[PDB]
Amino acid sequence: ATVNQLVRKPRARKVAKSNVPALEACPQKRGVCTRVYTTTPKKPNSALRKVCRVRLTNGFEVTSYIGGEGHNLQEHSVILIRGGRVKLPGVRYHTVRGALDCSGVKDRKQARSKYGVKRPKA
Amino acid sequence: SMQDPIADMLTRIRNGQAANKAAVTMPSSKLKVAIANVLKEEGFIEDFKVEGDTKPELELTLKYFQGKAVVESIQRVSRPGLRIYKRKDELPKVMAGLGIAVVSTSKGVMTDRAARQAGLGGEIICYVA
RNA sequence: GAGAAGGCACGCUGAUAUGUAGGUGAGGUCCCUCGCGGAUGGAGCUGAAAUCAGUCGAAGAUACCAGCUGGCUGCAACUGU
RNA sequence: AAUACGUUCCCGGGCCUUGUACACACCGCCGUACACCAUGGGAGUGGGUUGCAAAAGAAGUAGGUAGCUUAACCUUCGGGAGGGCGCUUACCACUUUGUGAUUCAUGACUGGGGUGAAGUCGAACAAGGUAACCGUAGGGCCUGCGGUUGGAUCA
RNA sequence: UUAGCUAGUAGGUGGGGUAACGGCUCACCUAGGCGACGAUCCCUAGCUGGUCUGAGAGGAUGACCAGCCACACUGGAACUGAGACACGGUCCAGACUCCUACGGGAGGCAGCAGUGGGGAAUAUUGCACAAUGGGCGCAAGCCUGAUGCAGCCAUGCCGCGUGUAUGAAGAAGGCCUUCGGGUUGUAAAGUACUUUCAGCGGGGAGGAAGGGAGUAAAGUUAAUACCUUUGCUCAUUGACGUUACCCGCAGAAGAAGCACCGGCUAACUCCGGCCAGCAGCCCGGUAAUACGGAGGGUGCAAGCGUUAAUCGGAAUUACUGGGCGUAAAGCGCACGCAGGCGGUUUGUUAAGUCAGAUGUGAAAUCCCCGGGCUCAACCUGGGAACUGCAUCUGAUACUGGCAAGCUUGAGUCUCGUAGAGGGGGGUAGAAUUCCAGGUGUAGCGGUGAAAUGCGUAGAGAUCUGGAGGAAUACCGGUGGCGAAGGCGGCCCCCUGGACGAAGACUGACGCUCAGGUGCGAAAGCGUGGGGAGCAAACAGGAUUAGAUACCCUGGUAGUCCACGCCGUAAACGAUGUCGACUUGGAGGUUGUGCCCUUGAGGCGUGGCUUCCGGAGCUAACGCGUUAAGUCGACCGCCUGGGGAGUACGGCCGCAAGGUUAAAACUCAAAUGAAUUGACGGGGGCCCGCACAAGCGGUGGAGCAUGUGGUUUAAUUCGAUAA
């Protein structure tokens with residue numbers, strides 16, 4: 001652009017839109033499980049992904065993934081969600097295992113801190 | 001229309017050097033003659049002469065070394081659309097000192113190192129490397 | 001559409017101004033190719049509206065007189081017959 | 001034994017060239033039932049903020065003052081000046097009314113959009129079997145008019 | 001996707017008011033002021049030194065520390081005072097909470113702790129005024145949730161420890177194994193040694209200056225009192241605190257976890273079925289280095305990971321530092337105001353520019369050299385820096401202003417040239433259709449083939465006359481004119497532009513252009529005509545599985561004219577306008593000059609134009625003096641693919657719709673050019689019992705045999721060019 005064209009209208013920095021807008025610049029958000037169900041992946045993959053819908057404390061209603069093998073999550077369960085999408089279109093948040101309603105994945109021995117599993121004492 | 005005759009002189013020099021022209025001719029001017037003087041005393045052109053009285057015609061004799069162009073690069077820095085003035089402590093050096101930068105200081109048109117030794121700044125006319 | 005809706009002011013007395021702006025226009029003076037003339041001239045007469053101050057009553061468009069208003073919709077364009 | 005004139009057509013193959021949105025490579029992509037997500041319209045409904053025209057007028061400050069009261073000062077001892085309260089006017093907050101503007105949420109119903117190994121019916125890419133596309137108009141893409149080559153073949 | 005705003009509004013005179021100028025306020029007068037350099041309106045927001053990031057320019061940000069501002073439950077107001085319209089003052093009103101004898105009262109933690117609540121999340125209802133500072137006081141001193149400290153939290157930075165040395169045939173168990181062994185691994189056990197830190201006990205700075213009481217000297221004074229200052233003496237002043245630090249004791253004794261190991265990215269094996277699951281971007285359908293567990297290893301380490309957020313990488317908003325022929329991007333074209341830029345010479349100014357000096361740019365922070373904490377973090381001395389702003393004095397090259405010029409850019413005039421340039425009127429011939437008539441007879445028309453359709457009421461064919469509308473064969477041509485859209489018989493009338501020759505003239509009068517205006521194919525709309533041919537819609541006949549299509553027979557709008565509207569096209573050279581420079585070749589078209597013009601000749605010189613191609617440029621294709629090469633001025637436009645040139649709002653329109661123009665959401669692609677194949681209901685060439693020419697069969701019958709299916713206890717398994 002001509003220097004005069006920039007003087008009259010400067011460069012407009014491209015604005016980046018968040019990938020986790022329901023957190024509102026917070027690392028975690030608390031919400032209640034509205035509906036717990038399963039979903040089928042997309043194309044290449046084939047499974048039954050454990051997912052849940054949760055109305056957060058700021059009013060946002062989002063679908064959140066439940067990682068790990070096995071979960072005891074029912075309706076009205078108040079869980080803690082964090083960012084991190086599932087590549088399962090639409091799901092953009094993860095449920096923190098070991099956070100105030102979601103028990104840790106039982107029988108974990110490796111990467112326990114990622115699933116809220118206490119260290120097995122000898 | 002013709003709104004920058006100095007850039008036109010630089011472009012004529014560049015195109016005559018790329019076409020292996022022996023000499024280039026152009027309408028003359030005081031600033032053109034000063035820049036041609038700076039180019040000749042620095043060794044980028046062989047000679048220059050101004051012919052004519054009512055319509056002076058400036059003729060620069062281009063220079064070659066090994067059948068190659070002596071002027072590798074010549075750019076207009078300060079131009080009508082954007083004027084560039086520099087202080088003596090921020091005068092530019094072309095090719096890390098191997099090239100020259102024609103600067104128009106209050107004591108005439110000179111090179112960047114001459115303006116630095118004279119403790120002067122001014123308008124950066126062109127870069128000649 | 002619309003006077004949409006809605007609101008404010010409103011009497012009397014005084015002052016501005018012993019009656020104002022405006023209207024009307026005598027005498028006078030001047031001119032005139034002269035008359036039911038022209039110009040100037042302002043006496044007298046008439047006279048709103050407004051502002052300010054005061055003042056009375058529960059109430060000042062005080063009586064008679066003198067639109068109810070808004071929203072949605074059917075039908076017919078309309079005034080008319 | 002018969003027949004083969006010949007390479008126009010069917011099939012398969014070889015060489016060259018051309019177009020291609022194909023490359024597990026022609027046995028190779030578009031638009032109208034179900035689920036979810038976000039969104040436009042929608043009779044309205046509830047909030048926030050705010051404009052205009054008003055009404056209102058606590059306390060306070062200031063102007064006015066005949067009613068009540070009043071130590072310093074003046075006085076002829078009678079009072080006077082001044083002050084204070086009360087009243088009142090001006091400004092003004094809350095508040096009230098009417099009518100608009102804007103924003104959010106919401107709403108029967110309705111329009112499209114996106115996503116989803118696996119549903120139904122049948123334009124583009126080769127000259128895609130009617131060349132494709134652009135503007136426009138008419139009719140579960142086609143046709144008319146004009147334009148482009150970002151069309152193939154041309155003894 | 002906010003363009004107009006403002007009535008005390010702008011200014012003036014006078015009165016008042018303030019500590020002070022002032023529409024600060026009032027009366028009157030004038031009619032102004034702000035605004036495209038964004039006024040007004042709407043949303044968000046405390047500002048700065050600074051912090052993070054970055055090579056830098058920038059981007060993000062404003063917690064702690066320091067400066068400024070604003071607020072003190074919400075709204076308003078004043079009083080006292082030097083200072084307030086006042087956090088812990090006053091009055092009023094409101095909401096709320098509490099006491100009440102029901103008549104009245106009281107309160108404001110956004111001070112320090114603390115409570116409930118909200119949240120993913122942020123601490124003690126602690127000690128002392130011992131130091132610094134503050135208020136009051138002559139002072140002693142009193143007050144001080146400032147402050148000095150302490151408590152809690154791995155929240156961050158920094159430092160230290162969780163031992164050290166030796167230790168093998170390398171024990172056991174674990175894991176793997178070609179079963180040989182390898183690895184965990186000197187790792188462990190064992191042996192020798194040590195004791196930082198923590199635990200127990202004993203010493204012990206510094207933060208402490210002062211203040212008090214005494215005396216002595218000096219000053220003051222009439223005074224050897226009192227007071228002030230100055231020496232010395234004495235007894236004291238610490239919350240931290242059991243301080244820092246030091247010394248002794250005992251014993252390896254009290255102290256290692258987290259993530260990862262497919263690639264990016266350091267680190268590999270075993271075991272358990274597209275499920276369970278992993279995933280920052282590109283695994284798992286029965287020997288998964290990707291899931292889960294184990295062994296081993298890798299990286300960090302009192303931490304380790306995940307999430308959230310900023311910058312970087314991202315030259316991915318490109319000022320430094322990008323692009324627009326085909327990948328996203330040149331407005332359809334032009335005129336033109338504001339704006340941007342501007343040929344050449346002289347003089348002058350000194351506004352931009354440059355140089356020097358002065359003032360300022362708070363301290364802290366950043367950086368450099370040192371110092372003190374046992375080191376570091378941290379604290380700190382000095383310096384540099386603060387790239388900025390203002391003023392003053394000079395410089396005059398360039399830009400700007402002013403004045404005078406100049407002719408080369410730009411225009412005017414003279415004479416001619418070519419042209420489908422435009423508007424209006426007239427006319428000509430060929431042809432289609434229709435009407436009337438003559439001849440003539442059974443078909444015509446159409447198609448791949450048909451049929452619908454016309455025809456014995458005489459069609460088609462042919463001949464004659466007439467009517468009407470539309471378009472202009474041959475010329476005709478990668479020819480011409482026009483800004484673009486476009487313009488095609490001939491003639492006349494009006495009219496624009498371009499070019500050339502030789503001169504004369506004006507003297508920068510120029511280029512570009514947001515907003516603005518004008519022109520703008522076809523289709524479409526309105527009014528009034530016209531209507532031969534063609535032909536959306538429509539009807540019928542075909543084709544087809546269907547055929548709302550292609551094909552056929554008709555046929556309305558429309559196409560045509562006048563006047564308005566529409567304002568869009570693959571409006572294309574997918575290439576904005578203007579100017580300068582850079583090797584060539586062959587043509588076309590249109591002027592002009594020269595020569596016994598030899599010739600329809602040759603040689604120059606302009607304008608426009610087509611093809612090829614050199615350097616150069618390009619991702620390539622290709623462009624290439626008519627650039628997509630080298631530059632300059634200005635404008636328009638682009639920022640991944642969809643959603644989407646869509647919705648809403650505005651403007652425009654009779655309508656159709658045009659124009660300006662997002663968001664949520666969703667994917668890791670979408671795309672351009674070229675390459676090797678494959679394919680084509682593309683082309684060329686050529687073969688094969690491939691077709692054609694023939695002969696004999698199979699499919700029909702009975703049986704043999706193999707298969708499928710069915711049946712069965714089994715009808716074993718496999719083969720599907722089977």
Side-chain angles (χ1 to χ4, degrees), chain A residues 1-14 17-18 20-21 23-30 39-50 53 57-59 63 67-70 80-90 93-94 96 99-100 105 107-114 119, chain B residues 1-21 24 26-31 34 52 54-57 74-76 78-90 103-110 115 118-125:
Chain A
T2 295
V3 49
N4 211 31
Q5 292 187 305
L6 292 170
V7 162
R8 296 148 44 202
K9 178 176 110 203
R11 298 285 188 183
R13 181 206 168 73
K14 41 228 294 178
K17 175 190 70 223
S18 206
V20 288
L23 294 179
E24 295 168 25
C26 293
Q28 292 104 22
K29 269 293 177 179
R30 195 190 48 182
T39 326
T40 37
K42 125 190 150 199
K43 212 40 162 197
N45 301 334
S46 168
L48 282 180
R49 308 263 172 248
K50 314 302 171 298
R53 200 192 307 162
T57 52
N58 64 34
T63 299
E69 305 197 34
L80 195 62
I81 71 151
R82 55 171 188 78
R85 76 149 183 169
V86 189
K87 188 182 179 304
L88 216 59
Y93 310 87
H94 267 70
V96 182
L100 45 81
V105 193
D107 295 337
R108 268 320 205 102
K109 311 292 175 186
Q110 311 173 210
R112 301 181 335 267
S113 64
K114 295 190 172 187
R119 171 176 162 85
Chain B
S1 48
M2 178 74 68
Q3 312 190 30
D4 199 2
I6 299 306
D8 183 51
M9 169 184 66
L10 310 189
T11 291
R12 283 174 129 110
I13 295 170
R14 200 189 301 107
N15 295 2
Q17 220 90 353
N20 294 323
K21 283 290 194 165
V24 293
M26 68 202 71
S28 151
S29 159
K30 286 208 325 295
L31 190 54
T54 191
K55 292 156 56 182
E57 214 87 20
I74 176 156
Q75 325 165 13
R76 181 85 140 109
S78 211
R79 44 180 186 85
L82 178 57
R83 297 286 175 182
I84 303 295
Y85 311 106
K86 298 292 181 182
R87 303 198 292 262
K88 59 118 170 164
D89 262 326
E90 58 192 18
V103 181
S104 187
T105 72
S106 34
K107 298 305 178 177
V109 169
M110 53 186 67
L120 285 175
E123 177 170 349
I124 314 301
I125 294 288

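Note that these values count all heavy atoms, side chains included, but never hydrogens, waters or copies made by symmetry. Proteins get letters first, then strands, A, B, ... in listed order; numbering begins at 1 in each.
- When rounded to the nearest whole Å, the span between CG of A/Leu80 and P of E/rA121 equals 8 Å.
- D/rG28 and D/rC125 are base-paired: they meet the Watson-Crick or G-U wobble geometry, with both hydrogen-bonding distances under 3.5 Å.
- Taking CZ of A/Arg30 as the reference point, atom CD1 of A/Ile81 lies at 12.0 Å (rounded to 0.5 Å).
- Under the 3.5 Å cutoff applied to both distances, E/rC534 and E/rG558 qualify as a Watson-Crick or G-U wobble pair.
- In this model, no side-chain donor or acceptor of B/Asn15 finds a partner on the base of E/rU582 within 3.5 Å.
- A Watson-Crick or G-U wobble pair links E/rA60 with E/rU51, each of its two atom distances being under 3.5 Å.
- The bases of E/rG518 and E/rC333 line up as a Watson-Crick or G-U pair, and both contact lengths stay under 3.5 Å.
- Taking 4.0 angstrom as the limit, B/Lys30 places a side-chain polar atom (N or O) nearer than this to OP1 or OP2 of E/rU346.
- Picking from E/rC667, E/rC398, E/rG59 the nucleotide with the shortest atom distance to the side chain of A/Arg85 gives E/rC667.
- A/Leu48 comes within contact range of the sugar-phosphate backbone alone, with a heavy-atom separation under 4.0 Å but no base atom that close.
- For E/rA397, the base has no donor-acceptor partner in the side chain of B/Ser106 [N/O atoms by modelled type, under 3.5 angstrom].
- In this structure, of E/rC398, E/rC291, E/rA60, it is E/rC398 that holds the atom nearest to the side chain of B/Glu123.
- Summary of the strand contacts: B/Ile125 and B/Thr54 both lie near RNA chain E, and taking for each the nucleotide with the nearest heavy atom, the more 5' one is attributed to B/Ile125.
- In E/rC319 the base sits anti relative to the sugar, since the glycosidic angle is further than 90° from 0.
- With hydrogens and angles ignored, a donor-acceptor pair under 3.5 angstrom links the side chain of A/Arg49 to the base of E/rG277.
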Quiz item: Can you give one letter per nucleotide of nucleotides 631-638 of chain E, 5' to 3': B if a protein heavy atom sits under 4.0 Å from the base, S if only from the sugar-phosphate, - if neither?
Solution: SBSSBBB-

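- Sugar pucker of D/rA21 is south, as judged by a negative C1'-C2'-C3'-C4' dihedral.
- B/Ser28 and B/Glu57 are not linked by any side-chain donor-acceptor pair at a separation below 3.5 angstrom, with hydrogens and angles left out of the test.
- Bases E/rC386 and E/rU387 do not qualify as stacked neighbours, criterion being ring centres under 5.5 Å and ring planes under 30°.
- The A/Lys42 side chain lies nearest to E/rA668 when the options are E/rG292, E/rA668, E/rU408.
- Listed pair B/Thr105 / E/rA395 fails the phosphate criterion, with no side-chain N or O lying under 4.0 Å from OP1 or OP2.
- In the set E/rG292, E/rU407, E/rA308, E/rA308 carries the atom at the smallest distance from any side-chain atom of A/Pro27.
- Rounding to the nearest 0.5 Å places OG1 of A/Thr2 at 11.0 Å from CG of B/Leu82.
- Applying the 3.5 Å cutoff to both bonds, E/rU399 and E/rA351 register as a Watson-Crick or G-U wobble pair.
- Base pairing analysis places E/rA669 opposite nothing; no Watson-Crick or G-U wobble pair with both distances below 3.5 Å involves it.
- Heavy atoms of A/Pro44 sit under 4.0 angstrom from at least one base atom.
- Entry note: E/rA165 and E/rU186 fail the pairing test, Watson-Crick or G-U wobble at under 3.5 angstrom for both distances.
- Bases of consecutive nucleotides E/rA276 and E/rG277 are stacked, their six-membered rings being centred less than 5.5 Å apart at a plane angle below 30°.
- Residue contacts shown for A/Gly70 are limited to sugar-phosphate atoms, with no base heavy atom under 4.0 Å away.
- Residue contacts for A/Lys43: at a heavy-atom cut-off of 4.0 Å it reaches the sugar-phosphate backbone alone, with no base atom in range.
- Within the nucleic acid shown, B/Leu10 has no heavy atom closer than 4.0 Å to any nucleic acid atom.
- For the P atom pair drawn from E/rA252 and E/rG151, the interatomic distance equals 34 Å after rounding to whole Å.
- Residue-level contact check: A/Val20 touches the backbone only, with heavy atoms under 4.0 Å from sugar-phosphate atoms and none from bases.
- Residue A/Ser18 is classed as a sugar-phosphate contact, given heavy-atom separations below 4.0 Å to backbone atoms only.
- Stacking status of D/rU17 with D/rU18: stacked, per the base-ring test of centres under 5.5 Å and planes under 30°.
- Applying the 3.5 Å cutoff to both bonds, E/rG411 and E/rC373 do not register as a Watson-Crick or G-U wobble pair.
- For B/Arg83, no side-chain nitrogen or oxygen approaches OP1 or OP2 of E/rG352 to under 4.0 Å.
- Under the 5.5 Å and 30° stacking definition, the step from E/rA662 to E/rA663 qualifies as stacked.
- Applying the 4.0 Å criterion to OP1 and OP2 of E/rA120, one finds that A/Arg30 has a side-chain N or O inside that range.
- The side chain of B/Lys107 places no N or O atom within less than 4.0 Å of a non-bridging phosphate oxygen (OP1 or OP2) of E/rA355.
- Pairing check for E/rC109 against E/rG347: the two fail the Watson-Crick or G-U wobble geometry, since the two atom distances are not both under 3.5 Å.
- If you check every strand for non-hydrogen atoms under 4.0 Å, B/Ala18 touches nothing.
- At the phosphate of E/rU344, OP1 or OP2 sits under 4.0 Å from a side-chain N or O atom of B/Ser29.
- Between A/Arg108 and E/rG293, a side-chain N or O to OP1/OP2 separation shorter than 4.0 Å is present.
- Closest to the A/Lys87 side chain, of the nucleotides E/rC282, E/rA308, E/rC291, is E/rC282.
- When distances run from any side-chain atom of A/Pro89 to the nucleotides E/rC667, E/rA664, E/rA294, the shortest one goes to E/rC667.
- Taking atom P in both E/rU306 and E/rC291, the straight-line distance is 15 Å, to the nearest Å.
- Side-chain proximity of A/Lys114 to E/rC260, E/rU353, E/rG356: nearest is E/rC260.
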Self-check item: Criterion salt bridge (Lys or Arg N to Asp or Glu O under 4.0 Å) on B/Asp4 and B/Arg76, from CA distance to verdict
Solution: CA-CA 10 Å; B/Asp4 199 2; B/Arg76 181 85 140 109; 2.4 Å; yes

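- Between E/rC136 and E/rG148 there is no Watson-Crick or G-U wobble pairing whose two distances both come in under 3.5 Å.
- At E/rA121, none of the side-chain N or O atoms of A/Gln28 fall inside 4.0 Å of OP1 or OP2 (strictly under the cut-off).
- Taking only side-chain atoms of A/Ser46, from C-beta outward, the nucleotide of D/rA117, E/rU407, E/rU307 with the closest atom is D/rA117.
- The bases D/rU61 and D/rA90 are paired, Watson-Crick or G-U wobble, with both atom distances under 3.5 Å.
- In this structure, the nucleotide among E/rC581, E/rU639, E/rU344 sitting nearest to the side chain of B/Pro5 is E/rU344.
- In this structure, the CD atom of A/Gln110 is 17 Å from the P atom of E/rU269, given to the nearest Å.
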